[PDB]
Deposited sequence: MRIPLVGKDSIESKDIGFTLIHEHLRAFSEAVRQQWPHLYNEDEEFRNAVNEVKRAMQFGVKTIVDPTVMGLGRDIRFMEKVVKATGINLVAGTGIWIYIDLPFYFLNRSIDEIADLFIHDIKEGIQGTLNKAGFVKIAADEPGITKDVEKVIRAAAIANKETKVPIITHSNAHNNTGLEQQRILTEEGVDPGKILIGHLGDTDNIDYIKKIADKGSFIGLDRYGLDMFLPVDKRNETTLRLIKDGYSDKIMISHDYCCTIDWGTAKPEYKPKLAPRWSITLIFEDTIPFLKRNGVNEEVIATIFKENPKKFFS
């Protein structure tokens, strides 16, 4: 209909349901695995992904959006292999995940050839299959907006324009790279409301998060559990403030989980065991959290 699924017929924007917007089934470095298969376990990765997903479906999750692309080891075979075993709505995307420079393949070649790769996934299929991409993923971090990074950003804009699919981003919360990605995408003609700026839940500075939201774009409070970036209690503190400041129309929650001495209670359900119960406790009607997990993904893919 509007949103393509992995191993399922496409569905309408409005049937997305309760949705975890940023979760990784598995995530590796293509080169490292292609060259040393002995370091991995196809069966253990598969199980860890199965019982984590179906646990999320028990809690009420209907749709998981997986932003695993090039540089994070996308594999629609493994994705459809785990959808068949769970029945989950898996939205796969396309894009490129880099911090500094991009592969030598792309050395000195056209920013429109990059976007053609995304377009290929969106319209034609992914990795030789009919599974199509529902979004495009881009990244930046400590380096931030390096010449090569910028090309990817800009290539996403093109793909958005040509296919209307939304854009999930990876950013660093402490170095303005999130705002920069928004600027460059808005400047290039991208509906601010089609942009999810991610990982900005790793900071206290609420003013920075608001400026991004005030400018039309979804804010990603999407790393619940990863206490090295921000403790759960401190993330919960913020999210509540942003709700009580009337920003629920642009808040998106997720875990950024990848199926320990400091990865404590990190999992694809930490939100239900702590986060949601904490909100309600501080008076936040099921309307204020259906917005976040149902209506915000609704208008994002609409």
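- In this chain the deposited sequence has one gap in the coordinates, at 260-271.
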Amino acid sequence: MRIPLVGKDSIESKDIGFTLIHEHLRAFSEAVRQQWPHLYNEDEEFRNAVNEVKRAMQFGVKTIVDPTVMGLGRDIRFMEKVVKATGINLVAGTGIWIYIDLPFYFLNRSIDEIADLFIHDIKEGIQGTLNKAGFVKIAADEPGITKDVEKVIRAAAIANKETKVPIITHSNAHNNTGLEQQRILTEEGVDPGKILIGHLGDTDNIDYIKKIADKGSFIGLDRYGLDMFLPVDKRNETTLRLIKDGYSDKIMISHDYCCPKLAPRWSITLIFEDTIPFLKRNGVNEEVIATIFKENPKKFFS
From here on, numbers count along this sequence of modelled residues.
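- Looking at 172-180 and 132-140 together, the entry lists the larger mean B-factor for 172-180, computed on C-alpha atoms.
- When 160-168 is weighed against 220-228, 220-228 comes out higher, by mean CA B-factor as recorded in the entry.
- Of the candidates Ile96, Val82, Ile197, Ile119, it is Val82 whose Cα B-factor is highest according to the PDB record.
- Take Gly87, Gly73, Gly201, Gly193 and read off each C-alpha B-factor from the entry; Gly87 has the highest.
- Ranked by C-alpha B-factor against the other modelled residues of its chain, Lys147 falls in the middle third.
- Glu42: CA B factor lies in the highest third for its chain, per the PDB record.
- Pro264: CA B factor in the highest third of modelled residues in this chain (values from the PDB entry).
- Split the chain's modelled residues into thirds by C-alpha temperature factor. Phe272 is in the middle one.
- Among the modelled residues of the chain, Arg33 sits in the middle third by CA temperature factor in this PDB entry.
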